[PDB]
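Peer 1: The following block contains the structure, expressed as structure tokens.
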Amino acid sequence: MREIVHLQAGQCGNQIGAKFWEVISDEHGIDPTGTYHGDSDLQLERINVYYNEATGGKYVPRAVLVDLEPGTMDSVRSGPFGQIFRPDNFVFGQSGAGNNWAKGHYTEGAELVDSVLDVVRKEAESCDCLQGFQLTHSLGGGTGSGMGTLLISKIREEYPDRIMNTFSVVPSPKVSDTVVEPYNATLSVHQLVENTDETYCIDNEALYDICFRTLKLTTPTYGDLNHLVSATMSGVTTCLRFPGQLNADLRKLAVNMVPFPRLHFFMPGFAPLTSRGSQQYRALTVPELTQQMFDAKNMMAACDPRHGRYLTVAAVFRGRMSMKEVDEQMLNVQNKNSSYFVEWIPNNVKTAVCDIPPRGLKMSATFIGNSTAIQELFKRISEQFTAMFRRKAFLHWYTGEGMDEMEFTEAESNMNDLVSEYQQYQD
Amino acid sequence: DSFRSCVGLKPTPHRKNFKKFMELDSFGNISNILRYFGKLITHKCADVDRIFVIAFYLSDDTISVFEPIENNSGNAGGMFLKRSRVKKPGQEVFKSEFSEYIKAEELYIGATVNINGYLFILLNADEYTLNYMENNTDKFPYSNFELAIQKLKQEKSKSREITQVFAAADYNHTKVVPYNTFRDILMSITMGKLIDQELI
Amino acid sequence: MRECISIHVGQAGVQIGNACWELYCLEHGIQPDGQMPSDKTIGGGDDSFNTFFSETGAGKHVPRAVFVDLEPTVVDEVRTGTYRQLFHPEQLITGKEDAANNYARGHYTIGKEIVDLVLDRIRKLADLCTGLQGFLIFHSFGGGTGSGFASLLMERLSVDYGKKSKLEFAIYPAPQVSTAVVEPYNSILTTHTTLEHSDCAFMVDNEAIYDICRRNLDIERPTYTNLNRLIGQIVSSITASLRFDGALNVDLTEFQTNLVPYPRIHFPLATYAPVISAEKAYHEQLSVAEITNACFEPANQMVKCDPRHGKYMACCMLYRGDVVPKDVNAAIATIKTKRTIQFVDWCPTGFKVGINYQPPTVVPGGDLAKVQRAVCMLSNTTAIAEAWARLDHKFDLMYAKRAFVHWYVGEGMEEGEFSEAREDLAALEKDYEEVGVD
Amino acid sequence: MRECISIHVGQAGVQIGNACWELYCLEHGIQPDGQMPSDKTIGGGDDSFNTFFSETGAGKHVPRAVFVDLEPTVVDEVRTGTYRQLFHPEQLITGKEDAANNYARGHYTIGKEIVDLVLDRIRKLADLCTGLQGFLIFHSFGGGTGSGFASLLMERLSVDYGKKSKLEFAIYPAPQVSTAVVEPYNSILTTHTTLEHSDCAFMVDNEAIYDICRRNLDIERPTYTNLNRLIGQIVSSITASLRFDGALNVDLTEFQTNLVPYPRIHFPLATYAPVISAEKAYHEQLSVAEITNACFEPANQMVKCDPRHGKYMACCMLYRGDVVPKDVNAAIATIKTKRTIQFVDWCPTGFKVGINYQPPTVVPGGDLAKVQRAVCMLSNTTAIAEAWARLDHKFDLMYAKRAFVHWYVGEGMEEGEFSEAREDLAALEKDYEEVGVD
Amino acid sequence: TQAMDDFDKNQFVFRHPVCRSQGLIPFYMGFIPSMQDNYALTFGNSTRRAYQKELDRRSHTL
Ligand SMILES: Nc1nc2c(ncn2[C@@H]2O[C@H](COP(=O)(O)OP(=O)(O)OP(=O)(O)O)[C@@H](O)[C@H]2O)c(=O)[nH]1
Ligand SMILES: Nc1nc2c(ncn2[C@@H]2O[C@H](COP(=O)(O)OP(=O)(O)OP(=O)(O)O)[C@@H](O)[C@H]2O)c(=O)[nH]1
Ligand SMILES: Nc1nc2c(ncn2[C@@H]2O[C@H](COP(=O)(O)OP(=O)(O)OP(=O)(O)O)[C@@H](O)[C@H]2O)c(=O)[nH]1
């Protein structure tokens, strides 16, 4: 059968997977001890897609945690669901990264890539046939980018017939904390475009705004932000685990989603985000679902596609809907703004309906988009790189690590080619 | 060590506390290992001649069992256990919790015990341990003679019954009495509830 | 794992170390004897102390610091104090003769037969350690024994061990107060030797520390106990990342990589915002916004520099206590919208944030506030050049009339080394303006 | 079974003697009278003492040793001491006249009429013994009486009984301290006579014993009470393998077979690592790693030899106490990976390990520390020839002018016996250099 | 607080009613009595052997 094995990379992913996994266990109803409480046959039917089973009815997750800093996973292991995570797959190193890309890409990786590859192939032989792999990490994360770029490269020749799902969060455009941050991203994206097949793009500023917009709770926890993104990533996974007529394979999706090979960057989308009184002040209807679904305020990924246009759009609906309301809404949205699409492709929408709602709400949906709104993103990272490569600030470290300015030249040059490509296909 | 691996992802080397080893340590001429003396129990007794030198190491709880060789017999023995901290004879084999080991709350005078197999019987001791017994009665309320005074002062009806029978044993009012009668004449008045320890 | 070794050289740098460990033993509940209560936290030396103390199977916390001195009086006096039983005896490295404020006397005459001894100490500390990220060197530029003694030992620990961090902390000489006029002599001697091996040199000045005391702490008459406690709080804040955790955790490797722009210059400036009195903290309130403004108020810095006379390169705020990402990120965003704070155009971002949930505790018999949200502000700016600019014109006048050189040529030097340091300083100043010029 | 006899030659070797059983009776808990309390360990003499004492049906522990002496004073005062009732009266073999520091006076004049008497003891103790693994010879090279008398008895015990081990222990001459200038005369006399018969000769020097006292034991002014207790522990450690057991037990036979590479040279070096004061051990920790570095620390050895000036053939560590092979085998693996340690390339392995569960104990009114993990370091290295190299140039000059020969040739010697020794010694260095050549 | 107590400490009082076991640590300098005259015990014990007898015979210690 067709299964998935998860990769948890970077110290951001360290919060991601834990929050990502606990929702699934709560979604499937497994207790913190690991002994499932069988209530829904279908969730018992479609748990083999992600979890393997151990003796005593304890579903072992098929995920791998990787890091270098022991303290982060000690909190994770001492978390409510660390017991559901294996001492086996806890692989790490005896080094501090310094939040350095080069160290994690050439120095520290060398003695750890062997161990992690030996690990993953063990669970790879444990399962039958994978759709592919998904990775939780950050493009701007010192360990996540350093580990990820090495690993995805190695996995490419290992299994060139699978799905290289990449889930990476973009740093805040205004503010990056890390000052070598534009270097690390530019380094990573050079290899990422070569190796990946899909990329989710996530930003915290919109998440901060969404807190102000619909959450309305002033001071939230970063974990609740992970709850949001875990909800987004779970929705696309609900397709595979659930029956009901929607085609679930990401390849069923990606071929409809990817017109040309170098298009990997895609944006999430989610359904009702509800506030203080709106829970009892909402008429939960597919129209208002569709209304709130297509809101630039409901947008959370990078920035407003109002600056650009739409190439490919795909929304997955979860709950008890019918073929007609989705049909007429797609007609409704088509007529409302016809010119805002690209004349290259008409009828560029892909719809899938999941009849199995989440536990807590009935009407729900997820959206994945590929618009002409990423220009500002890599255009933004262009200016800092040019200004900071102008006078080679903060460079004695990486040269000490063994790297040279030349590798920077093609990394930006490749990005410059993407600037033209994203520009040329639309403008 | 099974629980050391049951600590976190990284191991840790637990050990024994030096504290308890410090005070409880045979230092200088002062010794700490108690030595009791008893017999074996079987269907029939053959070599109960060997008075077993059970050596509970107060610092390690490691009862060594030693044997004094008897004239012209088939004993040819001595040490039976190499100062090994021994498992409780009340445990399982599939184990799920911290299993227990023989503490110091059972080696009362005239005891019945088992060291993992053969049932062994205690009869007497040495003075030095009993001197230690009488010092700290916190873990040894049996050594508390005043406690035994309460159990036997409970019975008041046997007063004359006491007076005549232990008068009956005496015939010349010599103001002594042998132990053998004295221990026997007490076992009845307690109806076989007295333990040898308080009688000593 | 996560540990380091603290070094305190100079009898002025020893009383500061004692207070830090007296402060350090507080948050861990260390009794002066060396053991915890009946509570079970002892082991093979593995708990919150493992990064700081060595409470091994013997049960006694052994501080992982070495106290080195050349005059027996004060080091004996602390050996007669209250926590002396905690201290490892010959880690309190004493000396029978002083350097007489002479750099070279503390570098050549006596250091040769003392360095080998402390070399044995560090290696038998090195072997027992596991990760040993770096070292915590407490000293002083104008050290009667601090200056010269530290110089050679920092050289030797550099040549054998050039793969790990070395953290430097010295009281900066008072720009207008000079307890000795030879203080410039050894101070520039320290700088020119330390430029090519030191990793991170952090400075501090007492006058503005005094100025803080009677401004907001309202201390017209301070004592070193106040000074030592407050600086001891400073290192406690920066080391809290090792002891506790937070939303994100940072390490000295990040501080090195992200603070220093280019080689040579590695001299940032620390600052702690919630320096207020208890009664002031009593009927007033603390939040991120005002402490963010206060930490960037120029009079709250302990170095006599006007940030408007220079330009900012790097910054680091270490928020310790109950804070949320929301207010902080918006607050610093407003700081970026500020026009007065003139960062260099080279860095769009120059700040490093450290979030720790644990609130800083008070000390018995203390004088600080009751802080729930704290922050230590480490920053580097071009507004520091006037310091050495002050130093050089002080030096050139005295060097031209070569005062008290008979003391130095008397016991075995020449003018060449004193010559070299000047253009080295001239190199430093020109680099400061060259990077200062955009 | 397992037993040996001990011989203490010379009034130098006597105070080290009684210190042994003063130690020995302790861990056995023996009362000075000669009997236990009402408890039972007595019998046909078969328990822990059977290897050391002879506690027969009389119930008195009779030590298996002989005290031979030539001056009544010291041997009578111990015969009036505390344990004199324990000691057999006539095994305190006394004498009425001295050898006057002369080897041959004790070797010819008086030894003949005394060796027969001690031999009567020797055979009579031999008959009662059953296993009788070997002998314990406490003597001294610079023996005023130890020199001559030990040699003749060694010669006689060698010829009749050459099928068993003989363990020799003599204080090695001080490299620079000379209590008598006639010591070089009899010292080389002892060496050349002993090379062709002695099984294992073990030396030590008091100056380094003195040096340890004020380094870590904190003894600035010791006495033999401390000195004898230190070395008394040394023989206790090596004999613990016979007394108790452990993970594995080793015997003197293995010591002979595995330590000495080739005939002639049978002169290894002993060392004890956890030599430390009580408070140091109190607030510090002992583990295999640091004691393993300390035991190979060059200043830990009691012989004035630098290991970097020579090369190692054999080593022996005797872990007395609580140890496990894991950290042991790992630590010793790290030791062999070290580059400064220079073993000879012929032996990939040159170490012998002894594991004993029993922790070493303290003596009441003592000086040692409370030790759980201990180790004795019996090792042999080529760096010992310097001492004989020191002795020969000392000896050749004084022989070139023939000092005090009229004392020796006066009472019945000539030069040929002296003459044979110098080339036998010259053979020793040339043998040492040939074995120093690969 | 303390300085104001001085008012009550002096004013109406001024007016009148019109009336270790374990010694110390080694390499300690500074001469306490005795020491080097007695010897043969470790610096820790030498301090604490003294500590008990420094209260006995060299009692001129207060
Ligand atoms: N887990 C976690 N990560 C965060 C949080 N806030 C921001 N991040 C960022 O997520 C990024 C990715 O984490 P990692 O790839 O594991 O980081 P790293 O490789 O260890 O090195 P750094 O990026 O310097 O932390 C980090 O760089 C952080 O800056 C948070 O609240 N939790
Ligand atoms: N770090 C520190 N410095 C102090 C303290 N008190 C005074 N100072 C100043 O710091 C300088 C220390 O340098 P030195 O006086 O040479 O110290 P030293 O080299 O150890 O030798 P001494 O001169 O004997 O003290 C002094 O000149 C004082 O002006 C203090 O408590 N801590
Ligand atoms: N073994 C031992 N040697 C000691 C002691 N005290 C001093 N020494 C040294 O050991 C040597 C003793 O040797 P000798 O003097 O020849 O002893 P002896 O042959 O038994 O007879 P005497 O000369 O009377 O002592 C001296 O040179 C001292 O340096 C001690 O207690 N034991």
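Note: ideal-geometry Cβ built from the backbone for every residue, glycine included; neighbour counts use all protein chains shown. The numbers here are math on the coordinates, done by the rules we state, and not lab data.
Peer 1: With respect to the numbered conditions (1) more than 14 Å from chain C (Cβ to nearest Cβ); (2) outside any strand (DSSP E or B); (3) buried (at least 21 other Cβ atoms within 10 Å of the Cβ), which one is the sole condition not fulfilled by residue A:118?
Peer 2: (3)
Peer 1: Answer yes if at least one residue in region A:286-308 is in contact with a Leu (Cβ under 6 Å, 6 or more places away or on another chain) and within 23 Å of residue A:19 (Cα to Cα), and no otherwise.
Peer 2: Checked region A:286-308: at least one residue is in contact with a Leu (Cβ under 6 Å, 6 or more places away or on another chain) and within 23 Å of residue A:19 (Cα to Cα).
Peer 1: Is it true that residue C:214 is away from every other protein chain (no Cβ under 14 Å), outside any loop (DSSP other than H, G, I, E, B) and more than 13 Å from ligand 2 (Cβ to nearest atom)?
Peer 2: Spelling it out, residue C:214 is indeed away from every other protein chain (no Cβ under 14 Å), outside any loop (DSSP other than H, G, I, E, B) and more than 13 Å from ligand 2 (Cβ to nearest atom).
Peer 1: Go through (1) under 24 Å from residue D:309 (Cβ atoms); (2) crowded, with 17+ Cβ neighbours inside 10 Å and name the single condition residue D:373 misses.
Peer 2: It is condition (1) that residue D:373 fails.
A quick yes/no check of all residues on (1) assigned to a helix (DSSP H, G or I); (2) near ligand 2 (Cβ under 10 Å from one of its atoms); (3) farther than 22 Å from residue C:50 by Cβ; (4) within 11 Å of another protein chain (Cβ to nearest Cβ):
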residue	(1), (2), (3), (4)
C:70	no, yes, yes, no
C:73	yes, yes, yes, yes
C:113	yes, no, yes, no
C:131	no, no, no, yes
C:138	no, yes, no, no
C:156	yes, no, yes, no
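Peer 1: Determine whether region A:157-173 contains at least one residue that is aliphatic (A, V, I, L, M), away from chain C (no Cβ under 14 Å) and closer than 18 Å to residue A:124 by Cβ.
Peer 2: Yes.
Peer 1: Still on this structure, please answer the following. Among all residue pairs at least 6 apart or on different chains, which show Cβ distances below 9 Å where the first residue, located in region E:40-51, is at the interface with chain D (Cβ under 7 Å from one of its Cβ atoms) and the second is β-branched (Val, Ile, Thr) and surrounded by fewer than 22 Cβ atoms within 10 Å (Cβ to Cβ)?
Peer 2: Listed pairs, sorted by first residue: E:40/D:223; E:40/D:225.
Peer 1: Output the residues belonging to region E:21-39 that are at negative phi and either at the interface with another protein chain (Cβ under 8 Å from one of its Cβ atoms) or exposed (fewer than 10 other Cβ atoms within 10 Å of the Cβ) (or both).
Peer 2: Filtering region E:21-39 for residues at negative phi gives E:21-22, E:24-26, E:28-29, E:31-33, E:36-39.
Within region E:21-39, E:21, E:22, E:24, E:25, E:26, E:28, E:29, E:31, E:36, E:37, E:39 meet the criteria.
Peer 1: Being of a type in the set (A, V, I, L, M, F, W, C) and touching a helix residue (DSSP H, G or I) at 6+ places or on another chain (Cβ under 8 Å) is the filter here; which residues of region D:410-438 pass it? First the steps, then the outcome.
Peer 2: Going residue by residue through region D:410-438, those that are of a type in the set (A, V, I, L, M, F, W, C) are D:413, D:418, D:421, D:425-428, D:435, D:437.
Correct list: D:413, D:418, D:421, D:425, D:426, D:428, D:435.
For every residue, the table says whether it meets (1) surrounded by fewer than 23 Cβ atoms within 10 Å (Cβ to Cβ); (2) within 14 Å of ligand 1 (Cβ to nearest atom); (3) of a type outside the set (S, T, N, Q); (4) closer than 27 Å to residue A:25 by Cβ.
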{"residue": "A:135", "(1), (2), (3), (4)": "no, yes, yes, yes"}
{"residue": "A:140", "(1), (2), (3), (4)": "no, yes, yes, no"}
{"residue": "A:144", "(1), (2), (3), (4)": "no, yes, yes, yes"}
{"residue": "A:158", "(1), (2), (3), (4)": "yes, no, yes, no"}
{"residue": "A:177", "(1), (2), (3), (4)": "yes, yes, yes, no"}
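Peer 1: While we're looking at this one, here's another question. Pairs please, first residue from region A:381-404 and within 10 Å of chain C (Cβ to nearest Cβ), second anywhere and of a type in the set (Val, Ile, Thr), Cβ atoms under 7 Å, 6+ apart in sequence or on different chains.
Peer 2: As it stands, the answer is A:394/A:179; A:394/A:180; A:397/C:257, since those pairs meet every condition given.
Peer 1: Just the residues that are under 18 Å from residue B:66 (Cβ atoms) and of a type in the set (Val, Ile, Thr), please, taken from region B:103-138.
Peer 2: B:113, B:115, B:121, B:129
Peer 1: Separate question: What number of residues in region B:116-139 are over 25 Å from residue B:183 (Cα atoms) and in contact with a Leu (Cβ under 7 Å, 6 or more places away or on another chain)?
Peer 2: 1
Peer 1: Determine which member of the set D:354, D:365 is outside any helix (DSSP H, G or I) and surrounded by fewer than 18 Cβ atoms within 10 Å (Cβ to Cβ).
Peer 2: Answer to the check: D:365.
Peer 1: Among the residues of region C:159-167, is there at least one that is aliphatic (A, V, I, L, M), surrounded by fewer than 16 Cβ atoms within 10 Å (Cβ to Cβ) and either within 16 Å of ligand 3 (Cβ to nearest atom) or closer than 20 Å to residue C:422 by Cα (or both)?
Peer 2: Within region C:159-167, not a single residue is aliphatic (A, V, I, L, M), surrounded by fewer than 16 Cβ atoms within 10 Å (Cβ to Cβ) and either within 16 Å of ligand 3 (Cβ to nearest atom) or closer than 20 Å to residue C:422 by Cα (or both).
Peer 1: Go through C:81, C:10, C:44 for me and flag whichever is within 14 Å of chain D (Cβ to nearest Cβ) and either within 15 Å of ligand 2 (Cβ to nearest atom) or surrounded by fewer than 20 Cβ atoms within 10 Å (Cβ to Cβ) (or both).
Peer 2: C:44
Peer 1: Here's another thing I want to ask about it. Give, as residue ranges, the strands (runs of 3 or more DSSP E) completely inside region A:35-106 that count at least 2 residues that are more than 16 Å from ligand 1 (Cβ to nearest atom) and not acidic (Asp, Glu).
Peer 2: A:51-53, A:59-61
Peer 1: Applying the selection to region D:325-348, what residues are under 26 Å from residue D:235 (Cβ atoms) and out of contact with any strand residue (DSSP E or B) (no Cβ under 8 Å at 6 or more places or on another chain)?
Peer 2: D:331, D:335
Yes/no per residue for (1) surrounded by 13 or more Cβ atoms within 10 Å (Cβ to Cβ); (2) under 20 Å from residue D:188 (Cβ atoms); (3) of a type in the set (D, E, K, R):
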position	(1), (2), (3)
D:98	yes, no, yes
D:105	yes, yes, yes
D:114	yes, no, no
D:123	no, no, yes
D:128	yes, no, no
D:132	yes, no, no
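Peer 1: Anything in region C:320-351 that is assigned to a loop (DSSP other than H, G, I, E, B), more than 16 Å from ligand 1 (Cβ to nearest atom) and of a type in the set (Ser, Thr, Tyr)? List them, or say none.
Peer 2: C:340, the sole residue that qualifies.
One line per residue, one yes/no per condition, for (1) of a type in the set (A, V, I, L, M, F, W, C); (2) away from chain E (no Cβ under 14 Å); (3) within 16 Å of ligand 1 (Cβ to nearest atom):
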site: D:202; (1), (2), (3): yes, yes, no
site: D:206; (1), (2), (3): no, yes, no
site: D:227; (1), (2), (3): yes, no, no
site: D:239; (1), (2), (3): no, yes, no
site: D:249; (1), (2), (3): no, yes, no
site: D:252; (1), (2), (3): yes, yes, no
site: D:256; (1), (2), (3): no, yes, no
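Peer 1: All but one of (1) at the interface with another protein chain (Cβ under 8 Å from one of its Cβ atoms); (2) part of a loop (DSSP other than H, G, I, E, B); (3) surrounded by 14 or more Cβ atoms within 10 Å (Cβ to Cβ) hold for residue B:10; which doesn't?
Peer 2: (3)
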